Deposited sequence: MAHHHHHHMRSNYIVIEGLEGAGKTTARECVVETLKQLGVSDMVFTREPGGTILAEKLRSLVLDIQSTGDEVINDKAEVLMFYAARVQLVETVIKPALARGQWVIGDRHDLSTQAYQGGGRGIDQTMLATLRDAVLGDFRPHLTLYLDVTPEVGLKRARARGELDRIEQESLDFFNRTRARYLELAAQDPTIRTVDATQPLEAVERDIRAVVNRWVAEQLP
């Protein structure tokens, strides 16, 4: 039947094991008959974004100029738009699912450049402050964590998975969120 393509994002704070969670999302999608899909890295993910990264590093190494924060942001959204229009949207159009890692002024920019385009499911990997501290060895972070948790409550396309628990527990939960979500479609 070749189910409708969809766009699934994997968000989370450092040490959430996002790349390892991406694998679990893919395995579950395989079990559900999803066979054709694309893994994109949202930081990076296109040649354009890679060349912007090398440009910023080429400038910072020399010195004699400092990239203003706002300038970098617009370059970040330029990278995201390039990914949405040249990789993600076409991939969906061919029938390929797309699984991605790490997708007031920020909101205004999004509503302008991306318009209504949003991920179909966003999987937020929550990690507690203790967990973040273990990974750093190998807290402004509580405020960012809080924002993610507000968006998860307000947004029906955001599902949270407690990433602090053992691997097989996270796999159980990701597999459950995906099954429930797929069935609803």
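So which bits of the deposited chain never got modelled? According to the deposited record, C-alpha coordinates are absent for 1-6, 110-125, 161-172, 220-221, which together make up the missing parts.
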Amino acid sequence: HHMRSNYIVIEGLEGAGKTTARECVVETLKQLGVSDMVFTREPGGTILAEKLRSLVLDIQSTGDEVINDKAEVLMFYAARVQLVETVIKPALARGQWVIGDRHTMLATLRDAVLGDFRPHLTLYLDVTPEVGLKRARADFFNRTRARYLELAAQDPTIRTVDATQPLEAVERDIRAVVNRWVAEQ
From here on, numbers count along this sequence of modelled residues.
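Would 129-137 or 49-57 have the larger average of its C-alpha temperature factors, as given in the entry? Mean C-alpha B-factor is greater for 129-137.
Quick check on the record: does 62-70 or 116-124 carry the larger mean Cα temperature factor? That would be 62-70.
Of 88, 107, 81, 75, which one's C-alpha B factor is largest in the deposited record? Top of the list by C-alpha B-factor: 107.
Within this chain, which third does the Cα B-factor at residue 16 fall in: lowest, middle or highest? Highest third, going by the recorded CA B-factors of the chain.
With respect to C-alpha B-factor, does residue 153 fall in the lowest, middle or highest third of the chain as deposited? It falls in the top third of the chain.
What third of the chain does residue 3 rank in for C-alpha temperature factor, lowest, middle or highest? Highest third.
Against its chain's modelled residues, does residue 160's Cα B factor rank lowest, middle or highest third? Middle third of the chain for residue 160's C-alpha B-factor.
Going by what the PDB entry lists, where does residue 40 fall on CA B-factor within its chain: lowest, middle or highest third? It belongs to the middle third of the chain when residues are ordered by C-alpha B-factor.
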